[PDB]
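Novice: So that you have it, the file is model.txt, and it contains compact mmCIF, N, CA, C and O atoms:
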```
# COMPACT_ATOMS: atom_id res chain seq x y z
N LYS K 315 49.04 63.49 43.10
CA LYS K 315 49.36 62.07 43.20
C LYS K 315 50.71 61.75 42.57
O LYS K 315 51.46 60.94 43.12
N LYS K 316 51.03 62.37 41.44
CA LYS K 316 52.35 62.19 40.83
C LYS K 316 53.47 62.74 41.70
O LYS K 316 54.52 62.10 41.82
N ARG K 317 53.27 63.92 42.31
CA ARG K 317 54.23 64.40 43.30
C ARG K 317 54.28 63.47 44.51
O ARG K 317 55.37 63.19 45.03
N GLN K 318 53.13 62.98 44.96
CA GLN K 318 53.10 61.97 46.00
C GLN K 318 53.79 60.68 45.56
O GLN K 318 54.44 60.02 46.37
N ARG K 319 53.66 60.32 44.28
CA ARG K 319 54.36 59.15 43.77
C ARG K 319 55.87 59.35 43.81
O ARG K 319 56.62 58.43 44.18
N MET K 320 56.34 60.54 43.44
CA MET K 320 57.77 60.84 43.51
C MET K 320 58.26 60.81 44.95
O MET K 320 59.35 60.31 45.24
N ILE K 321 57.47 61.36 45.88
CA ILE K 321 57.85 61.33 47.29
C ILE K 321 57.89 59.90 47.83
O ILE K 321 58.80 59.56 48.59
N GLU K 322 56.91 59.07 47.47
CA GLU K 322 56.88 57.69 47.94
C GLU K 322 58.03 56.88 47.36
O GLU K 322 58.65 56.08 48.08
N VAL K 323 58.34 57.08 46.08
CA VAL K 323 59.51 56.43 45.49
C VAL K 323 60.80 56.92 46.14
O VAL K 323 61.71 56.13 46.38
N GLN K 324 60.88 58.22 46.44
CA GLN K 324 62.02 58.73 47.19
C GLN K 324 62.13 58.06 48.55
O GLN K 324 63.23 57.69 48.97
N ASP K 325 61.00 57.89 49.24
CA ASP K 325 60.98 57.03 50.41
C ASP K 325 61.28 55.59 50.05
O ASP K 325 62.03 54.92 50.77
N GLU K 326 60.73 55.09 48.94
CA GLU K 326 60.99 53.72 48.51
C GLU K 326 62.44 53.51 48.10
O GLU K 326 62.98 52.43 48.32
N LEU K 327 63.08 54.52 47.50
CA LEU K 327 64.52 54.43 47.26
C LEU K 327 65.29 54.46 48.57
O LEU K 327 66.21 53.66 48.79
N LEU K 328 64.92 55.39 49.46
CA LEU K 328 65.54 55.43 50.78
C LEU K 328 65.23 54.17 51.58
O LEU K 328 66.10 53.64 52.27
N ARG K 329 63.99 53.68 51.50
CA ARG K 329 63.63 52.45 52.20
C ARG K 329 64.43 51.27 51.65
O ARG K 329 64.87 50.41 52.41
N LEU K 330 64.61 51.22 50.33
CA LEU K 330 65.38 50.15 49.71
C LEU K 330 66.84 50.19 50.15
O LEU K 330 67.43 49.16 50.49
N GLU K 331 67.44 51.39 50.16
CA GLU K 331 68.82 51.52 50.60
C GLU K 331 68.98 51.14 52.07
O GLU K 331 69.90 50.41 52.45
N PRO K 332 68.06 51.63 52.91
CA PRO K 332 68.11 51.31 54.34
C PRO K 332 67.90 49.83 54.59
O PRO K 332 68.57 49.24 55.43
N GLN K 333 66.97 49.20 53.85
CA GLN K 333 66.73 47.77 54.02
C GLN K 333 67.90 46.95 53.52
O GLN K 333 68.23 45.92 54.11
N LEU K 334 68.56 47.39 52.44
CA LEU K 334 69.74 46.68 51.97
C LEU K 334 70.87 46.76 52.98
O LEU K 334 71.51 45.75 53.30
N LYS K 335 71.13 47.96 53.52
CA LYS K 335 72.15 48.10 54.55
C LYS K 335 71.80 47.32 55.80
O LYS K 335 72.68 46.66 56.37
N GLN K 336 70.54 47.35 56.23
CA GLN K 336 70.08 46.62 57.40
C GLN K 336 70.18 45.12 57.21
O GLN K 336 70.55 44.41 58.14
N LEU K 337 69.86 44.61 56.01
CA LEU K 337 69.98 43.18 55.75
C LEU K 337 71.44 42.75 55.65
O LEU K 337 71.79 41.64 56.06
N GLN K 338 72.30 43.61 55.10
CA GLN K 338 73.73 43.32 55.07
C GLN K 338 74.25 43.22 56.50
O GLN K 338 74.98 42.28 56.84
N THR K 339 73.84 44.17 57.34
CA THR K 339 74.20 44.16 58.75
C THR K 339 73.63 42.94 59.45
O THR K 339 74.28 42.35 60.31
N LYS K 340 72.40 42.56 59.10
CA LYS K 340 71.74 41.39 59.66
C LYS K 340 72.51 40.12 59.36
O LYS K 340 72.78 39.32 60.26
N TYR K 341 72.88 39.92 58.09
CA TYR K 341 73.65 38.75 57.71
C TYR K 341 75.02 38.74 58.37
O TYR K 341 75.46 37.71 58.88
N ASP K 342 75.70 39.90 58.39
CA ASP K 342 77.03 39.97 58.99
C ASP K 342 76.96 39.69 60.49
O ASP K 342 77.77 38.92 61.03
N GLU K 343 75.99 40.29 61.18
CA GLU K 343 75.85 40.09 62.61
C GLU K 343 75.42 38.67 62.93
O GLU K 343 75.92 38.08 63.89
N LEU K 344 74.50 38.10 62.15
CA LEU K 344 74.10 36.72 62.31
C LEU K 344 75.32 35.83 62.23
O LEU K 344 75.66 35.15 63.21
N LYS K 345 76.01 35.85 61.09
CA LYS K 345 77.22 35.05 60.94
C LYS K 345 78.17 35.26 62.12
O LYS K 345 78.41 34.33 62.90
N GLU K 346 78.65 36.49 62.30
CA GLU K 346 79.67 36.75 63.31
C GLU K 346 79.20 36.32 64.70
O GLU K 346 79.74 35.37 65.27
N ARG K 347 78.17 36.97 65.23
CA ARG K 347 77.73 36.69 66.59
C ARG K 347 77.28 35.25 66.81
O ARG K 347 77.77 34.60 67.74
N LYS K 348 76.37 34.73 65.98
CA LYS K 348 75.84 33.39 66.18
C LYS K 348 76.88 32.29 65.99
O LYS K 348 76.91 31.34 66.78
N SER K 349 77.75 32.38 64.98
CA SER K 349 78.68 31.30 64.69
C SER K 349 80.02 31.44 65.39
O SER K 349 80.63 30.41 65.72
N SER K 350 80.49 32.66 65.68
CA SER K 350 81.78 32.84 66.33
C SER K 350 81.80 32.17 67.70
O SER K 350 82.58 31.24 67.93
N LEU K 351 80.94 32.61 68.61
CA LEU K 351 80.89 32.05 69.96
C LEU K 351 80.54 30.57 69.95
O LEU K 351 81.17 29.80 70.68
N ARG K 352 79.59 30.15 69.11
CA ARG K 352 79.25 28.74 68.99
C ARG K 352 80.41 27.94 68.40
O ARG K 352 80.40 26.70 68.44
N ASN K 353 81.39 28.62 67.82
CA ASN K 353 82.61 27.96 67.37
C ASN K 353 83.82 28.35 68.20
O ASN K 353 84.58 27.46 68.61
N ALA K 354 84.02 29.64 68.49
CA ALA K 354 85.17 30.04 69.29
C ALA K 354 84.98 29.67 70.75
O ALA K 354 85.76 28.88 71.29
N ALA K 355 83.95 30.20 71.41
CA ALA K 355 83.67 29.84 72.79
C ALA K 355 83.45 28.35 72.97
O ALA K 355 83.72 27.82 74.05
N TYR K 356 82.94 27.66 71.94
CA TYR K 356 82.96 26.21 71.95
C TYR K 356 84.39 25.69 71.90
O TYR K 356 84.88 25.08 72.86
N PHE K 357 85.10 25.94 70.79
CA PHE K 357 86.42 25.36 70.59
C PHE K 357 87.45 25.86 71.59
O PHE K 357 88.24 25.06 72.11
N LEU K 358 87.48 27.16 71.87
CA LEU K 358 88.45 27.71 72.82
C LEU K 358 88.25 27.07 74.19
O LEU K 358 89.23 26.72 74.86
N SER K 359 86.99 26.90 74.60
CA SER K 359 86.71 26.14 75.81
C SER K 359 86.86 24.64 75.60
O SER K 359 87.29 23.94 76.52
N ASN K 360 86.53 24.12 74.41
CA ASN K 360 86.78 22.72 74.10
C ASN K 360 88.27 22.42 74.02
O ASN K 360 88.70 21.34 74.46
N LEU K 361 89.06 23.34 73.47
CA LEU K 361 90.51 23.24 73.59
C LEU K 361 90.97 23.32 75.03
O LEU K 361 91.88 22.58 75.42
N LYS K 362 90.36 24.21 75.83
CA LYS K 362 90.58 24.17 77.27
C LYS K 362 90.05 22.87 77.87
O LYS K 362 90.70 22.26 78.72
N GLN K 363 88.87 22.43 77.42
CA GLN K 363 88.35 21.14 77.85
C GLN K 363 89.26 20.01 77.39
O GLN K 363 89.36 18.97 78.05
N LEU K 364 89.93 20.20 76.24
CA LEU K 364 90.91 19.21 75.80
C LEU K 364 92.18 19.30 76.63
O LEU K 364 92.52 18.38 77.37
N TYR K 365 92.87 20.45 76.56
CA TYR K 365 94.21 20.55 77.13
C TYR K 365 94.17 20.54 78.66
O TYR K 365 94.83 19.72 79.30
N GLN K 366 93.40 21.44 79.26
CA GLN K 366 93.35 21.55 80.71
C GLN K 366 92.63 20.35 81.33
O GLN K 366 93.21 19.59 82.10
N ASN I 111 7.14 85.54 13.03
CA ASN I 111 7.07 86.84 13.68
C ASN I 111 7.30 86.72 15.19
O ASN I 111 8.10 87.47 15.76
N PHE I 112 6.61 85.78 15.85
CA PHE I 112 6.82 85.64 17.29
C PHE I 112 8.22 85.13 17.59
O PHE I 112 8.78 85.43 18.64
N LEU I 113 8.82 84.37 16.68
CA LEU I 113 10.19 83.93 16.89
C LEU I 113 11.19 85.08 16.70
O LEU I 113 12.22 85.14 17.38
N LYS I 114 10.88 86.01 15.79
CA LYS I 114 11.75 87.17 15.64
C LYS I 114 11.63 88.11 16.84
O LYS I 114 12.63 88.68 17.28
N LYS I 115 10.43 88.26 17.41
CA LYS I 115 10.36 89.04 18.64
C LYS I 115 10.86 88.22 19.83
O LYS I 115 11.20 88.79 20.87
N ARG I 116 10.93 86.90 19.69
CA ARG I 116 11.65 86.10 20.69
C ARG I 116 13.13 86.42 20.65
O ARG I 116 13.79 86.52 21.70
N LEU I 117 13.68 86.58 19.45
CA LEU I 117 15.01 87.16 19.31
C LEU I 117 15.09 88.52 20.00
O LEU I 117 15.97 88.75 20.83
N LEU I 118 14.16 89.41 19.68
CA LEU I 118 14.15 90.75 20.25
C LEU I 118 13.90 90.76 21.75
O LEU I 118 14.10 91.79 22.39
N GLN I 119 13.45 89.64 22.32
CA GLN I 119 13.18 89.53 23.75
C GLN I 119 14.35 88.90 24.50
O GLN I 119 14.57 89.20 25.67
N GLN I 120 15.09 88.01 23.83
CA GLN I 120 16.20 87.35 24.50
C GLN I 120 17.55 87.99 24.17
O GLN I 120 18.29 88.38 25.08
N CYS I 121 17.88 88.10 22.88
CA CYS I 121 19.17 88.66 22.50
C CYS I 121 19.29 90.12 22.90
O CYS I 121 20.35 90.57 23.34
N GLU I 122 18.21 90.89 22.75
CA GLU I 122 18.24 92.28 23.18
C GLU I 122 18.43 92.38 24.68
O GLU I 122 19.18 93.24 25.16
N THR I 123 17.76 91.52 25.45
CA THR I 123 17.93 91.54 26.90
C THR I 123 19.25 90.89 27.30
O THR I 123 20.13 91.55 27.85
N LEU I 124 19.39 89.60 27.00
CA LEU I 124 20.60 88.82 27.33
C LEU I 124 21.14 89.09 28.74
O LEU I 124 22.32 89.39 28.90
N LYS I 130 31.23 79.65 23.40
CA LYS I 130 31.04 79.04 22.10
C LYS I 130 30.10 77.84 22.21
O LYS I 130 29.81 77.39 23.32
N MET I 131 29.60 77.32 21.08
CA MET I 131 28.70 76.17 21.11
C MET I 131 29.18 74.98 20.29
O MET I 131 29.19 73.87 20.81
N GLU I 132 29.58 75.19 19.04
CA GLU I 132 30.24 74.10 18.32
C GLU I 132 31.56 73.76 19.00
O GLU I 132 31.87 72.58 19.21
N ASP I 133 32.32 74.78 19.39
CA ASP I 133 33.46 74.55 20.26
C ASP I 133 33.00 73.94 21.57
O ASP I 133 33.63 73.01 22.07
N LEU I 134 31.87 74.41 22.12
CA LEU I 134 31.35 73.81 23.34
C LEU I 134 31.18 72.31 23.19
O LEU I 134 31.81 71.53 23.91
N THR I 135 30.34 71.87 22.25
CA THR I 135 30.05 70.45 22.13
C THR I 135 31.30 69.65 21.78
O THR I 135 31.61 68.65 22.44
N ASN I 136 32.04 70.09 20.77
CA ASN I 136 33.18 69.30 20.30
C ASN I 136 34.29 69.26 21.34
O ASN I 136 34.79 68.19 21.69
N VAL I 137 34.69 70.43 21.86
CA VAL I 137 35.73 70.51 22.87
C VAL I 137 35.28 69.85 24.17
O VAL I 137 36.11 69.32 24.91
N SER I 138 33.98 69.85 24.46
CA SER I 138 33.49 69.19 25.66
C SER I 138 33.58 67.68 25.53
O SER I 138 33.93 66.98 26.48
N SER I 139 33.26 67.15 24.35
CA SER I 139 33.47 65.73 24.10
C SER I 139 34.96 65.38 24.14
O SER I 139 35.34 64.35 24.71
N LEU I 140 35.80 66.23 23.55
CA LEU I 140 37.24 66.01 23.59
C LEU I 140 37.75 66.04 25.03
O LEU I 140 38.51 65.18 25.45
N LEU I 141 37.29 67.00 25.82
CA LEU I 141 37.72 67.09 27.21
C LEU I 141 37.10 65.99 28.05
O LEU I 141 37.68 65.60 29.07
N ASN I 142 35.95 65.44 27.65
CA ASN I 142 35.40 64.29 28.36
C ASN I 142 36.25 63.05 28.10
O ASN I 142 36.51 62.26 29.01
N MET I 143 36.71 62.88 26.86
CA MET I 143 37.71 61.85 26.61
C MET I 143 38.98 62.14 27.38
O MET I 143 39.66 61.21 27.83
N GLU I 144 39.33 63.42 27.52
CA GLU I 144 40.48 63.80 28.32
C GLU I 144 40.31 63.43 29.79
O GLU I 144 41.27 63.02 30.45
N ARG I 145 39.10 63.58 30.33
CA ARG I 145 38.86 63.20 31.71
C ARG I 145 38.78 61.69 31.87
O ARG I 145 39.10 61.16 32.93
N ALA I 146 38.34 60.98 30.83
CA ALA I 146 38.49 59.53 30.84
C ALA I 146 39.96 59.14 30.87
O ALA I 146 40.37 58.24 31.62
N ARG I 147 40.78 59.84 30.09
CA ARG I 147 42.21 59.58 30.08
C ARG I 147 42.82 59.94 31.43
O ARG I 147 43.75 59.29 31.91
N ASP I 148 42.28 60.99 32.07
CA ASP I 148 42.75 61.42 33.39
C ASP I 148 42.34 60.44 34.47
O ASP I 148 43.08 60.22 35.44
N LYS I 149 41.15 59.85 34.34
CA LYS I 149 40.76 58.81 35.27
C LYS I 149 41.65 57.58 35.08
O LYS I 149 42.04 56.91 36.04
N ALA I 150 41.98 57.27 33.84
CA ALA I 150 42.97 56.24 33.60
C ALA I 150 44.32 56.60 34.22
O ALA I 150 45.00 55.73 34.77
N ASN I 151 44.71 57.87 34.13
CA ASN I 151 45.96 58.33 34.73
C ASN I 151 45.94 58.16 36.23
O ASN I 151 46.93 57.74 36.83
N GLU I 152 44.84 58.53 36.87
CA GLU I 152 44.74 58.36 38.31
C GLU I 152 44.67 56.90 38.69
O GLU I 152 45.31 56.50 39.65
N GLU I 153 43.96 56.08 37.91
CA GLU I 153 43.95 54.64 38.13
C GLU I 153 45.37 54.10 38.11
O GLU I 153 45.80 53.42 39.05
N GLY I 154 46.14 54.42 37.07
CA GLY I 154 47.50 53.95 36.96
C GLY I 154 48.44 54.52 38.01
O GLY I 154 49.10 53.76 38.72
N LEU I 155 48.49 55.85 38.12
CA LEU I 155 49.43 56.50 39.03
C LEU I 155 49.09 56.18 40.48
O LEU I 155 49.97 55.84 41.27
N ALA I 156 47.82 56.32 40.86
CA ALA I 156 47.42 56.05 42.23
C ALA I 156 47.63 54.59 42.59
O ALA I 156 48.10 54.28 43.68
N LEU I 157 47.28 53.67 41.68
CA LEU I 157 47.49 52.25 41.99
C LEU I 157 48.98 51.92 42.06
O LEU I 157 49.40 51.13 42.91
N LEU I 158 49.79 52.48 41.17
CA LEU I 158 51.21 52.22 41.24
C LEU I 158 51.83 52.91 42.45
O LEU I 158 52.84 52.45 42.97
N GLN I 159 51.19 53.97 42.94
CA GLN I 159 51.57 54.54 44.22
C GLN I 159 51.17 53.63 45.37
O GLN I 159 51.89 53.52 46.36
N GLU I 160 50.01 52.98 45.26
CA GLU I 160 49.63 52.00 46.27
C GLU I 160 50.59 50.82 46.28
O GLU I 160 50.93 50.31 47.34
N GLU I 161 51.06 50.40 45.11
CA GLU I 161 52.06 49.35 45.07
C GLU I 161 53.43 49.84 45.54
O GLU I 161 54.14 49.09 46.23
N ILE I 162 53.80 51.08 45.23
CA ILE I 162 55.09 51.61 45.66
C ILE I 162 55.11 51.80 47.17
O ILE I 162 56.05 51.39 47.86
N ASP I 163 54.06 52.39 47.73
CA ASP I 163 54.02 52.52 49.18
C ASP I 163 53.57 51.23 49.85
O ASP I 163 53.73 51.11 51.06
N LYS I 164 53.06 50.25 49.10
CA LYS I 164 52.94 48.90 49.64
C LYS I 164 54.31 48.28 49.82
O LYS I 164 54.58 47.62 50.82
N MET I 165 55.19 48.49 48.83
CA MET I 165 56.59 48.15 49.02
C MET I 165 57.18 48.95 50.16
O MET I 165 58.03 48.44 50.89
```
For this file, produce the structure as C-alpha cells.
Specialist:
Amino acid sequence: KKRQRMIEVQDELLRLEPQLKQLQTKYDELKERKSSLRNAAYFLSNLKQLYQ
Amino acid sequence: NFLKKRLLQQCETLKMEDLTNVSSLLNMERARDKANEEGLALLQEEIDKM
C-alpha cells in the first residue's frame, strides 16, 4: 500500500502537472479564441461596417 | 508420581514467557499496523480520489 501510495502520488504529481498545464492552456485558449474573434471579427467587420 | 511419569510420557516422547509477552507486544504491533493501513490506505483513497 505504501508503494501503491508512492505510485498514486507520482500519478498525482503527474496529474497535478498535467492539470495545471491543461488549465493554463484552457484559460489561454478561452481568452484568445473566445474574445479575439468576438472583438476582432466584430471590430474588423464593424470597422468595415463603419468605413465601407 | 503420576505427574512425574506424565513428564516421562510427554517430554520423553515429545519460548513461552517470550511467547506471551512478545505475542502481546506483536498484537499491539498489529494494532499499530492496522492503524498504519487505516492511515496509509485512506490517504491513498484521498490521493487517488484527487
Novice: Near residue 159 of chain I, counting only C-alpha atoms, which residues have an atom at most 10 Å away, once you skip same-chain residues fewer than 5 positions from it, shown as a PyMOL selection string?
Specialist: (chain K and resi 315-316+318-323) or (chain I and resi 152-154+164-165)
Novice: Nearest to chain K among I:122, I:161, I:133, I:144, with distances taken over only C-alpha atoms: which residue is it?
Specialist: I:161
Novice: Between atom CA of residue 155 of chain I and atom CA of residue 317 of chain K, what is the distance, to one decimal in Å?
Specialist: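 For atom CA of residue 155 of chain I relative to atom CA of residue 317 of chain K, the distance reads 10.2 Å.
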Novice: Can you list every residue in chain I that DSSP puts in helix (DSSP H, G or I), as a PyMOL selection string?
Specialist: chain I and resi 112-120+132-164
Novice: Would you work out the distance separating atom CA of residue 363 of chain K from atom O of residue 351 of chain K, expressed in Å to one decimal?
Specialist: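 Those two atoms sit 13.3 Å apart.
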Novice: Rounded to one decimal place, report the atom CA of residue 151 of chain I-atom CA of residue 325 of chain K distance in Å.
Specialist: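 One can read the atom CA of residue 151 of chain I to atom CA of residue 325 of chain K distance as 21.8 Å.
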Novice: Go ahead and fit an axis-aligned box to every listed atom of segment 320-338 of chain K plus 8 Å each side, and pass me the centre and edge lengths in Å, one decimal, as JSON.
Specialist:
```
{"center_x": 65.7, "center_y": 51.5, "center_z": 50.8, "size_x": 34.6, "size_y": 35.7, "size_z": 30.7}
```
Novice: So which one's closest to chain I, K:355, K:328, K:337, K:344? Using only C-alpha atoms, please.
Specialist: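 Among K:355, K:328, K:337, K:344, it is K:328 that comes nearest to chain I.
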